[PDB]
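Enquirer: Have a look at this one before I ask anything.
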């Protein structure tokens, strides 16, 4: 029940923060999915208060700043696609802002709390609301295209599964422990498969590669199932709320108990497990410069070598801690703390 | 009250 | 119930 | 001090 | 092999024959190896045995048995917010208790049961383990050890779709709290199912009362963080619009009360719809029909909503049924009280048509009687009868009164006897009996009062009083102060209303005085009586026989008899001289107590209690000093010495009687006094006025089992006693005892307890306003009323 | 004393019940049978003379005992493959061997026989005397028969 | 409080203290046997001794609970007549008051609930088991309880005669004549019914009640 | 005199003219009970008679008493009606 102590290591290199600046009050103790996003050499970040900034990815100086505010409660993750940036709020509002000026492009009320990060595919933006049902919104107008209703248990975990789109269909999980695939044209169902075992069965975002879908449910099972039919190919007894990375022929994930694992895509057999971060509240891992990086609630960034799982680096970044997952793109590595301070890591 | 000198106190008897 | 001190006894009928 | 209770048991004996 | 006999060994508890006959292959059949295996399996199927081993020889088998029972004891440890009794109940419901089988399979079941209990009380992350002690005996006890997890905290209450009302304003009425302000923490932030349901109902009622007839709770989701630290609760609302109440329409079996029902359902134009008033109209119609005998009417509202005009028409159907009659009236719990004592407070009659107002009036009269701790009523239908009910009153009798006696030796008052028998309900007969007696070196006081509150069936009361009070200031020499009084009072009272009563009675008192130390007020009264005793010596005497006409009026509308929470009680008590008495005077005393509840549960009560008094002589005489008023102590002004508030004696220089120079005397000539004397000897005054303002709070550390037996309050007391016949123009160098402006004030904490010894009162007071010559008494104790 | 009923004996002074005569031309209302009292043609101890102490019930130190009582007889049932060895132990303990002001005394008879797989070591009481006078009261018979069989069972356990 | 011990040595001292009349520690020892050893061979006599000790110690609610437990657990025990007689005894002792008995107050005017419970108790005893050794005293107590329950209704009828509630008087005396026809209280309450009939001008009914009184003069 | 307050003493069945007008000879016992409610007093001594007494006794302003006596035959069918509105 006790949090494991900080591991002691001799770092193979010395990480440093390239630039750091604060957005605002951040997300605080409130659980959310409000990670920053990078596109076109600028990064867009937001806070729960409602304030949104545009930052250059190299120097860290703000280009524009706007407030969407009672607070806006922007829990929905920041997603950039085309010329718009999409943010969802717990007030059942989905904001779209012009990437250049920062003014609002459209705003539409949706069925519930837009907790999941918006996903843009085939000209439609998908959100997963708190009250089960999935909403599709048109890019140019924001009008709701179709609605898919998902069952909700009497008790669940905070946060919603962001859908993943492949071959004209979107794969998404619900809090009821089922992975569902729906067509993008009108939202008609394709297949639905139980993945889990008064016990929670909540799901994360699925990952799709080369004709198979990988899913991972809290206290449930990590399963690979066919995109076409939905039949289970193989299963393993692992659970997590954090996202997992599928690269090459190996799967990297951090579990319910926050221990890092490496498995194969073929049958889920284990390569290595790292237990020194047991019960340290972890973020979703990312792959950066050939090493796995995870942040914890104590504000440390832990670097893990993918070949054998041994540590290579450890850094003091912030005292507020890291709840939201980091993001890596175009050689940059970005992470946002609880107080909203956005860091870029070399 | 009634003063009782040889015991140096007043005695409440009215109730 | 009852108490005694300095050679004075007082008793209370209980119930 | 002294004390009498139900079934006349005693506690203090000036202690 | 075959079976003829089985030799069990180690079979500790279950019968050998029972074990023999349990196995389906009974005696008198062939036995194979598979039959022996089935025998072992069936023996294990009993659930009592952990080891079964069988050896075979022809027609005879022997079995070796080890026993799983018993649990020697069940103990719990690690609990810090829950007791052990609900845990023991959970174990008993799970099938594990003391004396039964301790199956090792059920250990994980116990683990999961305790985990589910802590899941149900919002402490999901609890860790639990079981420990069993290997006793040498077959009995073994168990020790449950668990680390209670941190309570899952409420992180956010959210409402989606509200637009007319602010979210925090909607939350403010919820029992579940979103956040607790640090400067006035008065609660905590926890999840519980019934509280969530009550908050949802409160939200529905709030929106309905603010005019939203078509309000609906679309869905609600409760979620908890992956670290099990926070809980998120959200509510989805489609509130709609405000609807105006166009009008009502009453139809059905109105039973001739249509006019009163229509007045009950009055609606002013433009009035917005509201469910509290709809329910209030329904309950008012039910009460109106009930007080006419229709005990069980059917009232249902069926509103019709016009969405075009945004108006609602409130159709209501009333079916009065039939008039009900009272077959019997029954009283339960009156172990000591007579049946007639409870039955004479009734306003509902047996063999008559029912009135719910009459039943409530009877309950209120029983409560005001003060003989019972709790009074409850139950109007139950007669089985097999369509229009008859039995009215049952269930009471819990209170320990009224107290019995005291005391004995002392060699103390300040010599050999001392005292005894007091106060009893408001004497042996359950309703009689109020009061016996008081003292016998010490100075006083021989006896007093007997017996009152019958129902001398006639209508409530006329007859009462009496005897008293004998002989006081001597010294046991010997016969020349000290002596005050011998005795007399009789008979009183008659009768009711004039449901809450008002009048008293009228005759009193006789004989008072004899001798050897009083000269005093300004007492010799003022003596000069008023035409007596001329000297101020130079203590030798004097006086004697009066007085006949007084007593009268009184008592308004009593208190909620209860012992610890009221509502209503007022005003008691006027007076007396006037009947001509022919030696003293000619009048006296009037006024009591008041008013209880105002601030909280609807009647736990917080403001009590404003005042007591007034006045008296004076008639026809040139003055009121006797034995009729004076005194204040201070538990009764009037807490924090001051009893009966010490008021005028103080002013002595004359006189040859004191029984003088011995090693003692302190009030101003003797042989001690050297030349002029008049200021003293702190309280003598009382003819006028009196005290007031108090109590704030009653619930007792913080007493559970609901004894909460009704204890009352604590914070009080503020005022009071003064003054002598209206004082002449400050003559005695200019001495305090003006005629001035009523010397108000003495106090504040403190008071605690009252309905002990098995009787009513006990504790009080610590600080007299923050005090004049010279006043004696303080911070801690005060009183027994009785 | 210890063995007398609590409360007063005032209920023995209650007046006897006698039904009302019905005048001619009319009847009394029909009686409900809830408060009817049966005839009970039986004499016995009444008032303070009842022995209120609980009736003695068999107990044994030997495990699996199936002892049962009836009247003057006090059985002793023990599960054993052969009962003939119970006889020397019970006869040996018989040879070796405050709530009433004056006590009872008496003598006993012992017998043994098998029945099925069960062995019976039943003991029979012959007589009891009190204050030099014989007593035939069934409550005392049952109580001291149970006491004696408890004693012989306790001795048998050794 | 009570140490853990094998059955015989602790039951021996429990029996010794009970058989010496020392009820307070007798209850503690027997309760130790009861909670430690609920299903042993001693359990039946331990429960019977609990009933006897709780009755003797005036712990009447505990005695009633023990008797309920014994009847519920062992409906066919050979000495259930004893526990039914003890149950009636506990109810009939619960219908009592020491101070009012000392001062001679007639308690028939008080709550008849425990007297009705005792009547039902003893009636069940004497009907189920007439040959039990407690049956004669049970019938004597039944006669006393019937008289007491009649006197309570008589007191109610007397109060309503004082009040002037004539329909209530008539109904109460009719219930008396229906439930307790042979009691002296009913004999005394017949004139109350006649008077109540006369006060409502019901001369024919009054004449019938007068005929009853004259026939039983 | 008697200035003492006395509560209102009511006894019997509440009778009204519109209810008494429903009762006529030949209607069964169940029909009478449905029309007027069950009686609080009936003859215990043999005869099948129902007494609908309607007593109202105010505080000190006199006393009123209406007696409706209903006789039924052995079959339970009403055969006689007696209605005394005074005394």
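Chains as they are written, first to last, in the numbering used here: chain A, 588 to 933; chain B, 5 to 19; chain C, 5 to 19; chain D, 5 to 19; chain E, 321 to 1105; chain F, 15 to 172; chain G, 988 to 1204; chain H, 10 to 96. The beta carbon of each residue, even a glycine, is placed where N, CA and C say it ideally should be.
1) Please name the residues in the stretch 31–59 of chain H whose beta-carbon is closer than 8 Å to at least one beta-carbon of chain E, in chain order.
2) At what residues does the beta strand (DSSP E) containing residue 1000 of chain E begin and finish?
3) Give me the chain K residues within the contact set of residue 652 of chain E, using Cβ-Cβ distance strictly less than 9 Å, ordered along the chain.
4) What residues in the stretch 696–718 of chain E have a beta carbon less than 8 Å from any beta carbon of chain H?
5) Between the C-alpha atoms of residue 805 of chain E and residue 697 of chain E, what's the straight-line distance to the nearest angstrom?
6) Taking the alpha-carbon positions, what's the residue 799 of chain E to residue 973 of chain E distance?
7) Name the residue from A:758, A:780 and A:647 whose alpha carbon lies nearest to the alpha carbon of residue 608 of chain A.
8) Any C-beta of chain E within less than 7 Å: which residues of the stretch 64–75 of chain H qualify?
9) Take residue 619 of chain E as the anchor and find which of E:866, E:612, E:571 and E:462 has the nearest alpha-carbon.
10) Interface residues of chain E around residue 1155 of chain G at Cβ under 7 Å?
11) Out of A:672, A:844 and A:840, which one is the CA nearest neighbour of residue 857 of chain A?
12) Closest Cβ-Cβ distance between residue 16 of chain F and chain G: below 8 Å?
13) Please list the terminal residues of the continuous beta strand (DSSP E) segment that includes residue 32 of chain H.
14) When you compare the CB positions of residue 154 of chain F and residue 86 of chain F, do they come within less than 8 Å of one another, or not?
15) I want to know whether the stretch 1009–1019 of chain G touches the stretch 1031–1048 of chain G - three or more CB-CB distances under 8 Å.
16) Do you know whose CA, among A:765, A:925 and A:613, lies nearest residue 736 of chain A's CA?
17) Any chance you could list the beta strand (DSSP E) runs of at least 3 consecutive residues sitting entirely within the stretch 991–1054 of chain E, in chain order?
18) Reducing DSSP to helix, strand and coil, say where residue 997 of chain G ends up.
19) Please report whether the beta-carbon of residue 29 of chain H lies at a distance below 8 Å from any beta-carbon of chain G.
20) Looking at the structure shown, is residue 609 of chain E part of a helix, part of a strand, or coil, going by DSSP?
21) Can you list, in chain order, the residues of the stretch 779–802 of chain E whose Cβ is nearer than 7 Å to any Cβ on chain B?
22) To the nearest whole angstrom, what separates the beta carbons of residue 722 of chain E and residue 1077 of chain E, a pair I think is in contact under 8 Å?
23) If we count the other Cβ atoms within 10 Å of its Cβ and call it buried at 16 or more, is residue 899 of chain E buried or exposed?
24) May I have a chain-ordered list of the beta strand (DSSP E) segments no shorter than 3 residues that lie completely inside the stretch 645–708 of chain E?
25) Mind listing, in chain order, the continuous beta strand (DSSP E) runs of no fewer than 3 residues lying wholly within the stretch 710–751 of chain A?
26) With H, G and I counted as helix, E and B as strand and the rest as coil, what does DSSP make of residue 13 of chain C?
27) If we cut at 8 Å on Cβ distances, does residue 961 of chain E have a partner in chain B?
28) Entirely within the stretch 347–396 of chain E and at least 4 residues each: give me those alpha helix (DSSP H) ranges in chain order.
29) On the three-pair Cβ rule with 8 Å, is the stretch 816–831 of chain E touching the stretch 867–881 of chain E?
30) Compute the beta-carbon to beta-carbon distance between residue 907 of chain E and residue 849 of chain E, rounded to the nearest angstrom, for a pair I have assumed lies under 8 Å.
31) Comparing the C-beta of residue 109 of chain H with each C-beta of chain G, is any distance below 8 Å?
32) Mind checking the stretch 439–457 of chain E against chain F and listing, in chain order, the residues whose C-beta falls within less than 7 Å of any C-beta there?
33) In chain B, what lies closer than 8 Å to residue 763 of chain E by C-beta?
34) Which residues bound the beta strand (DSSP E) around residue 1069 of chain E?
35) Any C-beta of chain H within less than 8 Å: which residues of the stretch 815–829 of chain E qualify?
36) Kindly list, in the order they appear in chain F, the residues whose Cβ is closer than 7 Å to that of residue 1006 of chain G.
Expert: From the atom records:
1) 46, 47, 49 and 50
2) 997–1002
3) Here the protein chains are A, B, C, D, E, F, G and H, and chain K is not one of them.
4) 705, 706, 707 and 708
5) 49 Å
6) 18 Å
7) A:647
8) From the stretch 64–75 of chain H, no residue has a Cβ closer than 7 Å to chain E.
9) E:571
10) Listed by position along chain E, the residues whose Cβ is nearer than 7 Å to that of residue 1155 of chain G are 669, 670 and 671.
11) A:840
12) yes
13) Residue 32 of chain H -> no beta strand (DSSP E), and no H or E assigned at all.
14) no
15) yes
16) A:765
17) Fully enclosed beta strand (DSSP E) runs of 3 or longer: 997–1002, 1007–1017 and 1030–1042.
18) The answer is helix: DSSP assigns residue 997 of chain G an H, G or I state.
19) For residue 29 of chain H, no Cβ of chain G is located within less than 8 Å of the residue's own Cβ.
20) In the structure shown, residue 609 of chain E falls within a helical segment according to DSSP collapsed to helix, strand and coil.
21) Shown in chain order are the members of the stretch 779–802 of chain E whose Cβ falls below 7 Å from a Cβ of chain B: 789, 791, 793, 794 and 801.
22) 6 Å
23) With a 10 Å radius around the Cβ and a threshold of 16 neighbouring Cβ atoms, residue 899 of chain E comes out exposed.
24) 645–652 and 692–701
25) When DSSP assignments are scanned along the stretch 710–751 of chain A, the uninterrupted stretches of beta strand (DSSP E) that are 3 or more residues long and fall wholly within it turn out to be 711–715, 721–725 and 731–735.
26) strand
27) no
28) 353–364
29) yes
30) Going by Cβ atoms, the distance from residue 907 of chain E to residue 849 of chain E rounds to 17 Å, so no, they are not a contact pair.
31) Because chain H here runs from 10 to 96, residue 109 of chain H falls outside it and cannot be looked at.
32) Against chain F - using a Cβ distance shorter than 7 Å - the stretch 439–457 of chain E contributes no residues.
33) Per Cβ cutoff of 8 Å: 15 and 17.
34) Residue 1069 of chain E -> beta strand (DSSP E) spans 1064–1075.
35) 815, 816, 817 and 818
36) Per Cβ cutoff of 7 Å: 112 and 113.
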